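Q:
There are 4 protein chains.
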Amino acid sequence: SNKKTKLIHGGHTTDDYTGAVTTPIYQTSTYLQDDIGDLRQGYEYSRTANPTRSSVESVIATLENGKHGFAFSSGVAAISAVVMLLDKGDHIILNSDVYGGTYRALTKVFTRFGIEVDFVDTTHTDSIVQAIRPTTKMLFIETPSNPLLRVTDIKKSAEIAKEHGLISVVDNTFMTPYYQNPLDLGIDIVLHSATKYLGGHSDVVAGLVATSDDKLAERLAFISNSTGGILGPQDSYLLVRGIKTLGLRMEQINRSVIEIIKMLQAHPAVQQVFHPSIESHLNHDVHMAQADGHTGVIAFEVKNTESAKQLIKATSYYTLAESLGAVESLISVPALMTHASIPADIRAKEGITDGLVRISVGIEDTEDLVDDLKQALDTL
Amino acid sequence: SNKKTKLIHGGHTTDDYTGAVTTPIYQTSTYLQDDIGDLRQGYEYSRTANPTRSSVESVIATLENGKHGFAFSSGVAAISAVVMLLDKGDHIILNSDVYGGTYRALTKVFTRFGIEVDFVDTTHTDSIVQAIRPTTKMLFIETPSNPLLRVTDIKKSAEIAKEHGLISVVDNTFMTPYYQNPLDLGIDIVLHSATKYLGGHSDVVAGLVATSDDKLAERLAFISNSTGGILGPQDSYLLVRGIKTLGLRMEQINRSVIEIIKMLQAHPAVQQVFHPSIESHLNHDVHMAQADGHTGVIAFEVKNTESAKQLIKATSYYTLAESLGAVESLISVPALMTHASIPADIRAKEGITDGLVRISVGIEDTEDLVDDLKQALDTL
Amino acid sequence: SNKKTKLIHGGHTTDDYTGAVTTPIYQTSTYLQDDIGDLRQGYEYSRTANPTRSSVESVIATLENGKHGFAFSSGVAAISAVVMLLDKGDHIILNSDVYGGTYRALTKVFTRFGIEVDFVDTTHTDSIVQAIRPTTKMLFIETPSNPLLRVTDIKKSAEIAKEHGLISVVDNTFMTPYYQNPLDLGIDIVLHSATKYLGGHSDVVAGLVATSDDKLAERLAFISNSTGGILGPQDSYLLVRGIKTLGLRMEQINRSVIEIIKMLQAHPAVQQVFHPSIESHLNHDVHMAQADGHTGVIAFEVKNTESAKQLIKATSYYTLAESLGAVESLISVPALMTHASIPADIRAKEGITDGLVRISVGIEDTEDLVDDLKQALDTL
Amino acid sequence: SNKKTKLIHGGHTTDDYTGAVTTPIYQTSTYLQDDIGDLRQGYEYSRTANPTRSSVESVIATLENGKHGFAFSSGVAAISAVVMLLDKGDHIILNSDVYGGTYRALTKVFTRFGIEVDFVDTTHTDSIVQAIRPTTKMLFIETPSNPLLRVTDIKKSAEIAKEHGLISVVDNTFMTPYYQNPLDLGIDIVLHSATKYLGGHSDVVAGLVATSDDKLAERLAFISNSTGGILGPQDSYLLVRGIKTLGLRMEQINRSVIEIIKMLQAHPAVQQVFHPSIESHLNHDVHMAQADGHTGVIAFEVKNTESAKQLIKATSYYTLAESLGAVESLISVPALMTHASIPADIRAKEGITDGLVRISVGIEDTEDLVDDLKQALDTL
Ligand SMILES: *Cc1c(COP(=O)(O)O)cnc(C)c1O
Ligand SMILES: *Cc1c(COP(=O)(O)O)cnc(C)c1O
Ligand SMILES: *Cc1c(COP(=O)(O)O)cnc(C)c1O
Ligand SMILES: *Cc1c(COP(=O)(O)O)cnc(C)c1O
Ligand code: NA
Ligand code: NA
Ligand code: NA
Ligand code: NA
Ligand code: NA
Ligand code: NA
Ligand code: NA
Ligand code: NA
Ligand code: NA
Ligand code: NA
Ligand code: NA
Ligand code: NA
């Protein structure tokens, strides 16, 4: 029924055999057959299918309102499998500010395999229409993107993809299935770095993929079984476990996000703030139309590199680390950590200034997070 | 010093911090940085590197006398990463009877990316020389192969590869590093389905790769980080644990293999036996020159399908299941389980008859294994 | 600072060595010593101390404002260690309706060791004063108790214990450290079945103990090391992980508890409701004085056994299972499941009627839980 | 049939449901009931029973030829449960040199509960007969003992116990079920620190208990459920896994033990050697009558403390750490590590000289172990 209930009771996460209320961890590679070809419960080799992985796959399929779920050893393994749906000579359209790992995979791995790629600004969907070639087969979008949280219209993207015969893919990592369901808006394939919010505890690297399309599912299953980027059973179990508190965590994160943004907008040491909840944010109306909540990732400008480093040093509750979606609040400086290889003037041109700070809001107390960040900003 | 000692003390499998005599399981995705870019022990994001995975990587590099190790979520993920060393238009030579998963990956995935493939009989290395094209970049061999245990000359393969500028790869799964070390014979890259003997307990799906070549290692690391088919920390730990008894297990398996082969050769219900220890086996001398022991996989002919099924039913200690390298002895019928999609007459032509049985010898008592298989054969 | 922040940042749950943001799982039994007696980080044998167990111990000590934490293989192992603080001839006072496992341990195990026990109604603390003998050494109370949620004055209990030289113990399982901190009220020892709310995910059996008393801590450590009921490292890790969301889970549970109680009090098929939030509940004022929230366990009367079974059958979101503190809402019938060996008329006398239902409220949506339970009650 | 086969196929260590060839890890605390009291597979609460623990319990019961198995959180938790079979006023006879942890538990914990204890030299069984009091209820023996490997006649001990109505217990840790089966010789209860050889990999702290006596089993089950020193599911799984290679490990250890003893007896820097395989060892004939192999623990005298420390420093393959039964060879100095609180002259009187070294032989290469220890002794 309601989302917090579906998080607890959706999917198959109990043991039919013993009645165990949690998914057993099938730390196993192979299965007895009673007769050649006769599988007791459909299992025969863990690369092909493992019952704990099947549990997490059923969960992600349920939460995204799809039919089929797939668990990979990482978000970029999920992305790679989805790209391997294409052939040499096929063309992909992606949003221009796609995640660095995705950009790297496409432009340094899959271009060597003849897959052609264009990065366009999808905040205007007619950019997609202009970019479509006769060889285009896939449209891949993240929304909102990293680290400036650009918003793309999912439903229009899906209509465009259907009209031109494209496989549509949404990287729904930042929003999670709790707030945004791309398959409900016509998208063919939805994927996640479960490493972030879904696991939620900074202790699993994993990717999840969901689709309602039987034929795409068969192709993804063949690719998963053939290239073998499968998530193991212990990590699958921890994923199922972390997803149970997804709703509670996301709601706490959202309360803090809203209060933190009020503070940031008021503070004199802060210039621009980037987040889809701000009403002057580009495609704010689109985000509210396609989601019923917010990501916990916020970016905002301070004056320069030394101010950003000072901010990191002065916060007690914001931790300097890579990744997002932890229970801890995390802080980073894109220009030094994710974009340091881009020349400085191009960094500035894209908005990745020296003083651009990205925080990933955790589940600490809202007042503590607001007050800590404010006092650290006061030291500037 | 000696192999059984190197298995216990080779690689880094203790905790420098606490002194723990086993590798801690770093069930974690990210790491505190004391200052932007300053990593305490070189870790920053578990996809890129995880200390438990680093432990298993150091073990496989030590055991194969390489410099660099890589752990993947499965054997075919390892194979896929190695193939992704190439580009569209490049050509690979593989032995004709390569593992079905490898065949499937190459001919149904990577050919769509423009990688060209020829399967040749490498039991005569001049077949390799004849197959070399101007676009050939890689030579990939298994020895001994599945399920007829064809033997390929590793050292000559390496000389050919060096002369023609090819990356040489050996799938050393069936022999393990305990009996055969392709890097010592000039091969560039050695890989394993650690799912089989190395893990040894039927409870991990994993691949391992080792090389001494710094530049190949850098390319493999980039591919691993970009496509993300990484082995998780719990599975890495179980791999390090299972490898400790590799030598003891392989030696028990070899004692049973030798006695079982004597029995099979004597038995009237058994026709051909395939195993590199038999002196009339093709390239027996080559195997003895490049290995100091034997794989536990044996294939042998009984009369027909019903005899093979009867054999499976009548053994108490041979278990019907997929995979090999378990502590249990495993039994299978290739024509029904791994080659059932090949038309029957071509199956027969390749030697995959209806009565071809494959056993993977486990670590049960030698007399029990011999006697059980013999009494079951006596029921034919 | 505030509780939700302390839950994330309190205790030591990162790796000082690698910087890992989660506690490494030290699946290990022993530790290298650089010289006889010279321990690298104080570890020498995992029964005596394990770094992952030390992490969970530091967490429980922080959350209860104690100095010393102890993790046991189960709640009753924790209780047993605390009772083993006493000697033959010593006497314990416990509340009359103590948990069945505690009652069983005391009256069927420790009485055979000469420990003397009286169960008194501690809702009036002068009952404690009357029960004190010259041999009394310990006062052990749960509040609120199971399943009628009787409330005992913790602070007065502590004053009585101090005046008479008793070790005071509170089983704080039902409230958790998030809502009630007995050590802050003068109690010597606080314990928990971490199997319930602290783990929070129905996937760990564990006990936790905290004290500020150095000498009691030394005695508990000696008992733990000597009788060996220690929690293992994987379960310790899962405990640290589950505790991160304790605050969010307890707050969701409390919102549902309040709405469910309104519904139950209104419903014609429900007679008595037992919960400390009800203002006519005995010692309601005491509970509000010593806690700032509520347990999720509620008991209420329906007409008879068949009504209780019907209620269980008709709810979609209340699961029939043992234990409490899950993410799922759980339902049970004490008279059939926890008190079936007590003769019927004595059951009735204690208030354990045939129609007494106990629910443990989970973290499903509040409206779903209210509506589901109400429609099932409407079928009566 | 034969031991190495029974190790692989004895007990229930597969999943009946999915056919998984390894025991699933039931990381779970409770179980759905389809109707009040109707348990799907007999499980209802993991403290009472967990299917992974049930797997390891079935293994130890099979390997010791008993009916009932019990897994505890540690060896001393197993010992404590067995002692809790008795009441205040009951008396136990134990061998005089019982393990320090056992001595500490009995004399510092259970004597406070009125259990009376005498330590007698059981190498002459008439010492047992002389020590029997009218209150004696239990006879507890280790053989061979630590660290001087004194041997006690198990069968005569059992006859004495039967004649006088005593519960007989053997701590079979040092021999393992692979070489010595006390239940086959009339003993009531056999126990192990599975922390040592059975787990075999220095990564689990655990105890195991086996009996054929239904009534003793019922009492042990009640004590386990009431005091809760249960082994968790992950540790149970690792135990089942390590036991698979028990036979191979013990046989390698025994080959090295025999060669190492030849070397030690020849070496001029070594005086006395203590091990049951030496024909002049007291009760050598008894050991050979009741066991078909040897423990890997050896003790031997060098001149003094500085020689012992030098020996530790000079070995490459003997590791300074607590515990035994690892895959690594371990070395220690009892007088400094396990008996340092005993006054020096009493230490000397018992044979725990300053130069007494204890090694626990691992599974490294026999020649490496012999040569390493010999060259280190040559440096004296
Ligand atoms: C409510 C509910 C659903 C249906 O969810 P929708 O968002 O309406 O598609 C599915 N599963 C469970 C367990 C639910 O509670
Ligand atoms: C013997 C030994 C080596 C060297 O092995 P080689 O086979 O000679 O290359 C490395 N590490 C350890 C721990 C060893 O014991
Ligand atoms: C606030 C805080 C504390 C102190 O908690 P009190 O309830 O005031 O005793 C301790 N640790 C952390 C991490 C905190 O945030
Ligand atoms: C041989 C065997 C047994 C019987 O063992 P004994 O030592 O004869 O009691 C039991 N189980 C299995 C799996 C066996 O192989
Ligand atoms: Na469900
Ligand atoms: Na669709
Ligand atoms: Na900070
Ligand atoms: Na080493
Ligand atoms: Na080379
Ligand atoms: Na069989
Ligand atoms: Na902390
Ligand atoms: Na106090
Ligand atoms: Na129900
Ligand atoms: Na079995
Ligand atoms: Na008996
Ligand atoms: Na040494």
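Protein chains in written order, with the authors' numbering: chain U, 1 to 380; chain V, 1 to 380; chain F, 1 to 380; chain P, 1 to 380. Ideal placement from N, C-alpha and C gives every residue a C-beta, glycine not left out.
May I have the straight-line CA-CA distance separating P:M138 from P:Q290, to the nearest angstrom?
A: So the alpha carbons of these two residues sit roughly 21 Å apart.
Q: Which residues count as close to ligand 2 when the rule is a CB under 5 Å from any of its heavy atoms, in chain order?
A: After applying the 5 Å Cβ criterion, the set is V:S1, V:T5, V:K6, V:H9 and V:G10.
Q: Pull up the distance between the alpha-carbon of P:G89 and that of P:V117, whole angstroms please.
A: Taking the straight line joining both Cα atoms gives about 10 Å.
Q: Can you find a CB in chain P that lies within less than 8 Å of the CB of V:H201?
A: It does; some Cβ of chain P falls within 8 Å.
Q: Among all the DSSP beta bridges, which residues are the ones paired with P:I298?
A: According to DSSP, which records beta bridges pairwise, P:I298 is partnered with P:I359.
Q: Looking at the strands, I want to know which residues DSSP matches up with U:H284.
A: The partner list for U:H284 (beta bridge, DSSP) is empty, contrary to what the question assumes.
Q: Measuring straight from C-alpha to C-alpha, what distance separates F:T48 and P:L106?
A: So the alpha carbons of these two residues sit roughly 17 Å apart.
Q: Quick one: what's P:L32 bridged to in DSSP?
A: Beta-bridge pairing links P:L32 to F:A321.
Q: Can you tell me which of the three DSSP states U:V21 falls into?
A: Reduced to three states, the DSSP call for U:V21 is coil.
Q: Please determine, among U:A376, U:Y178 and U:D34, the residue with the shortest C-alpha to C-alpha distance to P:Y17.
A: Comparing Cα positions, the closest option is U:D34.
Q: Quick check on the burial criterion: 16 or more other C-beta atoms within 10 angstroms. Buried or exposed for V:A266?
A: Answer is exposed; the Cβ neighbour count stays below 16.
Q: To the nearest angstrom, how far is the alpha carbon of P:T22 from that of V:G232?
A: The alpha-carbon atoms of P:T22 and V:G232 are separated by roughly 19 Å.
Q: Rounded to whole angstroms, what is the Cα-Cα separation between F:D121 and F:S145?
A: Between F:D121 and F:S145, the C-alpha separation is close to 11 Å.
Q: Count the other C-beta atoms from every protein chain shown that fall within 10 angstroms of the C-beta of P:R133, then say buried if there are 16 or more, exposed otherwise.
A: By the neighbour-count rule (16 or more Cβ atoms within 10 Å), P:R133 is not buried but exposed.
Q: Shortest alpha-carbon distance to P:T227 belongs to which of F:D368, F:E364, F:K108 and F:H91?
A: Minimum Cα distance to P:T227 is reached at F:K108.
Q: Using a Cβ-Cβ cut-off of 8 Å, state whether F:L32 counts as contacting chain V.
A: It does: the Cβ of F:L32 has a partner Cβ on chain V nearer than 8 Å.
Q: Which first and last residues belong to the alpha helix (DSSP H) in which V:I260 is found?
A: It spans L246 to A266 - the alpha helix (DSSP H) in which V:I260 sits, taken as one unbroken run.
Q: List, in chain order, every chain U residue whose beta-carbon is nearer than 7 Å to that of P:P147.
A: Within 7 Å Cβ-Cβ: nothing; P:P147 doesn't reach chain U, min ~36 Å.
Q: Which of helix, strand or coil does DSSP assign to U:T102?
A: U:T102: helix per DSSP, three-state reduction.
Q: From the DSSP output, which residues share a beta bridge with U:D38?
A: According to DSSP, U:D38 bridges with U:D35.
Q: Beta carbons nearer than 7 Å to chain F: which residues of the region 236-260 of chain U have them?
A: Residues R241, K244, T245, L248, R249 and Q252.
Q: Counting only the same chain and skipping the five closest in sequence on each side, list residues whose C-beta sits under 6 Å from that of U:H164.
A: Around U:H164: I132.
Q: Between V:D378 and ligand 15, is there a pair consisting of the residue's CB and a ligand heavy atom that are separated by less than 7 Å?
A: Checking the Cβ of V:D378 against ligand 15 gives no.
Q: Can you give me, in chain order, the residues of the region 338-358 of chain F that have a beta carbon less than 9 Å from any beta carbon in chain P?
A: Here the close residues are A340.
Q: With a cut-off of 8 Å, do at least 3 Cβ pairs link the region 209-226 of chain F to the region 235-255 of chain P?
A: Touching, no.
Q: Using the rule of at least 16 other Cβ atoms within 10 Å of the residue's Cβ for burial, across every protein chain shown, is P:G200 buried or exposed?
A: Buried.
Q: Assuming residue 388 of chain U contacts U:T125 (C-beta within less than 8 Å), just tell me the rounded distance between them.
A: Here chain U covers residues 1 to 380 and nothing more, so residue 388 of chain U does not appear.
Q: Using a Cβ-Cβ distance under 8 Å, would U:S58 count as near chain F?
A: Chain F contact via Cβ: absent.
Q: If we ignore side chains and look at the alpha-carbon of each, how far apart do U:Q310 and F:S1 end up?
A: Going by the C-alpha atoms only, they are around 22 Å apart.
Q: Should the region 41-61 of chain U be called in touch with the region 83-102 of chain U, which here means at least 3 C-beta pairs below 8 Å?
A: Not touching, per the Cβ criterion.
Q: Run through DSSP, which three-state label would U:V169 get?
A: Strand.
Q: Taking only beta-carbon atoms, is U:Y45 less than 8 Å away from chain P?
A: So, not an interface residue.
Q: Taking 8 Å as the CB-CB limit, is U:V327 close to chain F?
A: So yes, U:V327 belongs to the interface.
Q: Does DSSP put V:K137 in a helix, a strand or coil?
A: Strand, per DSSP.
Q: What do you reckon, is the C-beta of V:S157 under 7 Å from a heavy atom of ligand 9?
A: No; taking the cut-off as 7 Å, the Cβ of V:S157 has no heavy atom of ligand 9 nearer than that.
Q: Note down the Cα distance separating U:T195 from U:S73, rounded to an integer number of angstroms.
A: Using only the alpha carbons, I get a separation of about 10 Å.
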